[PDB]
Amino acid sequence: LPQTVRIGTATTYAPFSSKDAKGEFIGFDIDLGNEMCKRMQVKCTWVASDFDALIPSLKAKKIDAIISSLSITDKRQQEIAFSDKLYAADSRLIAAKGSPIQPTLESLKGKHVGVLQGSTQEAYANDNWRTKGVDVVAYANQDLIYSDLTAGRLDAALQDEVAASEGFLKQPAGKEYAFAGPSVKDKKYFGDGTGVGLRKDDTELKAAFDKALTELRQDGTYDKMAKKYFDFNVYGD
Ligand SMILES: N[C@@H](Cc1c[nH]c[nH+]1)C(=O)O
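Next up, the structure:
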């Protein structure tokens, strides 16, 4: 293992990764990463990036790990390796309170839908919606999506369910918005929860992460950390 492990993350996805008022990194990803590093007995430097630059930066060795709500998908496994699951992550639509919008082509054709560049939601939205007449608009960071929704530039926005819920819907800025329909289920696109993204050849680093995460889950540190953010089981199955 390196003495310093460099972890990239996109700090605009509360409550998993964001910045406090002084610019320090906060969220459940941060806590998980810092707790794993503690147990791996390495130093960890967090590195902020747009989400869609994370996997390119990992391939170029500018970072060594990604902890950024990075969903474990089949396509991504072709390019990088993953730790064991850190938590589950369903996708879901948000729109203005009272809107009839559903995550269907029939409901969304002609409306403007925000998605994060590089995400599984952009992959899904591009294939099923954008080609068929939905104005799918891709954003560099998720904060910009929420803002464009509250200004009425967007009709709806597709992102991880818990990020939307805890990072926006339950905040003042999303008081007048809600989920539009239930979770969009599509195991192909959205993957099997999130994990630490790693280079394929870094078997020893993956092993160290996987073992730290088992240890912090076994002794109950996971749940203590998660209760700061969630009143439900974020881990899943
Ligand atoms: N979990 C999804 C959505 C996401 C946006 N930012 C971080 N994650 C993905 O890995 O693409």
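Each residue of the sequence shown is one higher than the last, beginning at 12 in the working numbering. Cβ coordinates follow ideal geometry from the N, Cα and C atoms, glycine included.
Between the stretch 156-163 and the stretch 112-132, the count of C-beta pairs closer than 8 Å reaches three or more; the two stretches touch.
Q170 sits in a strand when the DSSP states are folded into three classes. For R103, the CB contacts under 6 Å within the same chain, skipping 5 residues up- and downstream, are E172, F190 and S194 in chain order. Going by beta carbons, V245 and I77 fall outside the 8 Å limit. In this structure, the beta-carbon distance from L216 to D75 falls below 8 Å.
Annotated three-state conformation of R50 is helix, per DSSP. Looking at the backbone, the Cα of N152 and that of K211 are separated by about 26 Å. Closer than 7 Å to some heavy atom of ligand 1: that describes the Cβ of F62. In the structure shown, the three-state DSSP call for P13 is coil.
Beta-bridge analysis with DSSP links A59 to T20. Using a cutoff of 7 Å, the CB of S194 does not count as near ligand 1, since none of the ligand's heavy atoms is closer than that. Secondary structure note for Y246: it is in no beta strand (DSSP E), with a DSSP letter that is neither H nor E.
Counted as a single uninterrupted DSSP element, the alpha helix (DSSP H) harbouring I156 occupies residues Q153 to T161. Rounded to whole angstroms, the gap between the alpha carbons of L119 and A184 is 23 Å. Between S28 and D42, the beta carbon gap of about 10 Å keeps them out of contact (Cβ cut-off 8 Å).
Taking the CA atoms as reference points, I66 sits about 11 Å from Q88.
As computed with DSSP, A32 is found in no beta bridge at all. As the crow flies, the alpha-carbon of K199 is around 14 Å from that of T205. The beta carbon of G44 sits closer than 6 Å to those of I18 and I78, all from its chain and outside the five residues before and after it, given in chain order. The residues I83, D203, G204, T205, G206, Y246 and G247, in chain order, have a CB closer than 8 Å to that of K96 in the same chain once the five nearest residues on each side in sequence are set aside. When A106, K49, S68 and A59 are compared, the shortest CA-CA separation from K186 is found for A106. The residues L116, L119, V124 and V147, in chain order, have a CB closer than 7 Å to that of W140 in the same chain once the five nearest residues on each side in sequence are set aside. Taking C-beta separations shorter than 6 Å and ignoring five residues to either side along the sequence, the partners of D101 in its chain run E172 and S194, following chain order. Assignment of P26 by DSSP, reduced to helix, strand and coil, places it in the coil class.
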